[PDB]
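To start, the structure under review is shown below, and the notes come after it.
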Amino acid sequence: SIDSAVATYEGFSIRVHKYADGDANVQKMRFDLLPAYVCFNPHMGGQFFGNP
Amino acid sequence: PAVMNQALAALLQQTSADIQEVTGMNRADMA
Amino acid sequence: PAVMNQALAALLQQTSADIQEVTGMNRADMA
Amino acid sequence: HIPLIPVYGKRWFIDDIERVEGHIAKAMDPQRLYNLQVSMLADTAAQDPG
Amino acid sequence: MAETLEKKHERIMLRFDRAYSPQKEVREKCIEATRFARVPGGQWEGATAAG
Amino acid sequence: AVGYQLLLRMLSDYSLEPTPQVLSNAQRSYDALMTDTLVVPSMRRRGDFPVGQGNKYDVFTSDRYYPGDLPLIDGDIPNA
Amino acid sequence: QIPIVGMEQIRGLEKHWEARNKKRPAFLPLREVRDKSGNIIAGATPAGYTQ
Amino acid sequence: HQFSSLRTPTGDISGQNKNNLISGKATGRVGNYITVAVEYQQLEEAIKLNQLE
C-alpha cells in the first residue's frame, strides 16, 4: 500500500516509490535498483597498452 | 487428518440455496 | 496407507460446482 | 419543467422520506457469509493435509 | 430581495444542505450495493486489512 | 490456605510425615483459595466475521465487521 | 481440531511440530507420561483432540 | 463535543499533545404515578346517581 511506478533509461528499469510522513508533514520519494554481475572465464579479457 | 464440521456444510447449503431463491401472465411471471 | 480427508473432497466438489455456476427470448438467455 | 428525468428500480414512501431498492440489496448477507464459510473451510483443509 | 450575488449564494448553500441532510442513507445503501455488485474487490470491503 | 501450604512445604525439615486428614484440609483450603480467583476469559469474535445488516451501520463509522488489529505501513524499511 | 499434550511431554520438540505441513517428516517424536516417582503411565500418543 | 487547535509555522505536531475524546451524558428519570380513584355502592348507582359522565 505505497504509491509506486517504474521508469526506463537505456534499457534499464528503475522503481520509484512516493510516500510521506504525516506528523512531520513531509513528502519524500525514492528510486531503487539492484544489480548483479557474473564472470564466466577470466581468460577472455583484460587490459591492453601500447608496446614501446 | 483435517475434518469438516456439520455446521459449516449446513451453512454452505443454506446460503447457496437462499441466494438463488432471493434472486428471482407470462410477463407478470418474470422478475 | 494414505487417506483423503473429508475437507479436501468437499472443497474439490464445491469449487468444481462454483466454476461452472459462475461461468454461465432465447437470445436473451445466452451469456 | 425541470429537465431532470428520474428513473427508479423500486420506490416507496414510508416515513416522509423517499426510499428506493434495486436487486442486490436483499442478498448481501447470505453472499458475504458464504464467502466467509468458504474461506474458513479452505484454511482448515490446508492446515493439516495427511 | 437579494440584490447582491454574495447574498444569493448562501441561500443556495443552505438549500443544498437541507436537500443533502435527509437523503443520505438511501444513497448510502445504493452506493454500497453498486460497489458490492460491480467492484472486483468490493465484496470484502469494510475489513480489507485485517489479521 | 497459606498456613497449610507452608506446613506442607516445611514439614520435611523436621523429618515427619503428614497425615491424610491434614492433606485433605490443605486441599480443601487451597480449593477455597482458587475458587475466589477465577478468570473465565470469555473469548471474543474473530475479526473478519460480518456484522448483521440489522445493526444499521454507516459509511463514516465503518464497522461492517467486528473490530480487529490493523497493519502498520512504513515506506523506509522494505520489509516486503 | 487441535491436539492436546503435556508440557513435560512436548517440551524441546516444538520446532518439529510447528512445521509438519511444510516439511515432510518421516515421523514425529513425543515422550511419555510419567508419575512423580519416574514410572511410566501412558504412551507417547497425545492426550486427546479438541472437538 | 468540543475541541481546541494548535498553531505551528510548518505543521509539525509530533511533540505536542493531541485532543482527547471525553464523552458526557445527560440522564433523565421517571417520577411518581398520578392516580385519581373513586368508589360508590351498587345501590347508590341504581337509586341516587345519574349523569355519571
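More than 22 Å from F:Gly47 (Cβ to Cβ), basic (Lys, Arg) and more than 14 Å from chain F (Cβ to nearest Cβ): does that describe E:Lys29?
Taking the combined requirement at face value, the residue does not satisfy it.
Of everything in region D:7-36 that's among the charged types (D, E, K, R) and in a helix (DSSP H, G or I), which residue is surrounded by the most Cβ atoms within 10 Å (Cβ to Cβ)? Among them, the one singled out is D:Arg32.
What number of residues within region H:8-47 are over 40 Å from the mean Cα position of the chain (by Cα), of a type outside the set (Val, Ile, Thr) and within 14 Å of chain A (Cβ to nearest Cβ)? Qualifying residue count, region H:8-47: 5. Only a single criterion out of (1) exposed (fewer than 10 other Cβ atoms within 10 Å of the Cβ); (2) more than 21 Å from D:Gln31 (Cβ to Cβ) is not satisfied by E:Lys7, namely (1). In region E:37-51, the residue that is farthest from the other protein chains (Cβ to nearest Cβ) out of those that are under 14 Å from F:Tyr65 (Cβ atoms) and crowded, with 16+ Cβ neighbours inside 10 Å is E:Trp44. Cβ-Cβ contacts under 7 Å between residues 6 or more apart (or on different chains), taken from a first residue in region D:32-45 that is more than 10 Å from chain C (Cβ to nearest Cβ) to a second residue that is of a type in the set (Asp, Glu), are listed as D:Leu36/F:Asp48.
Number of residues in region H:1-29 that are of a type in the set (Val, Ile, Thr) and farther than 21 Å from A:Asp21 by Cβ: the value is 2. The set of residues in region F:51-62 being part of a loop (DSSP other than H, G, I, E, B) and more than 27 Å from the chain's Cα centre (by Cα) consists of F:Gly52, F:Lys56, F:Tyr57, F:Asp58, F:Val59, F:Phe60, F:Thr61, F:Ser62.
Within the option set H:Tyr40, H:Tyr33, being of a type in the set (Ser, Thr, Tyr) and surrounded by 10 or more Cβ atoms within 10 Å (Cβ to Cβ) holds for one residue only, H:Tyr40.
If you go through region E:19-51 and keep only what is assigned to a helix (DSSP H, G or I) and among the hydrophobic types (A, V, I, L, M, F, W, C), you end up with E:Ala19, E:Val26, E:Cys30, E:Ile31, E:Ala33, E:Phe36, E:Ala37, E:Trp44. Within region G:20-51, the set of residues being surrounded by fewer than 10 Cβ atoms within 10 Å (Cβ to Cβ), among the hydrophobic types (A, V, I, L, M, F, W, C) and under 22 Å from D:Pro49 (Cβ atoms) comprises G:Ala26, G:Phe27. Among the residues of region B:1-30, the ones that are within 18 Å of the chain's Cα centre (by Cα), assigned to a loop (DSSP other than H, G, I, E, B) and at the interface with another protein chain (Cβ under 8 Å from one of its Cβ atoms) come to 1 in all. Every condition in (1) in contact with an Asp or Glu (Cβ under 9 Å, 6 or more places away or on another chain); (2) buried (at least 16 other Cβ atoms within 10 Å of the Cβ); (3) of a type in the set (S, T, N, Q) holds for D:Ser39 except the one numbered (2).
Cβ coordinates were reconstructed from backbone atoms using ideal geometry, including for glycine residues, and neighbour counts include every protein chain displayed. A short reminder: the numbers here are calculations on the coordinates, not readings from a lab.
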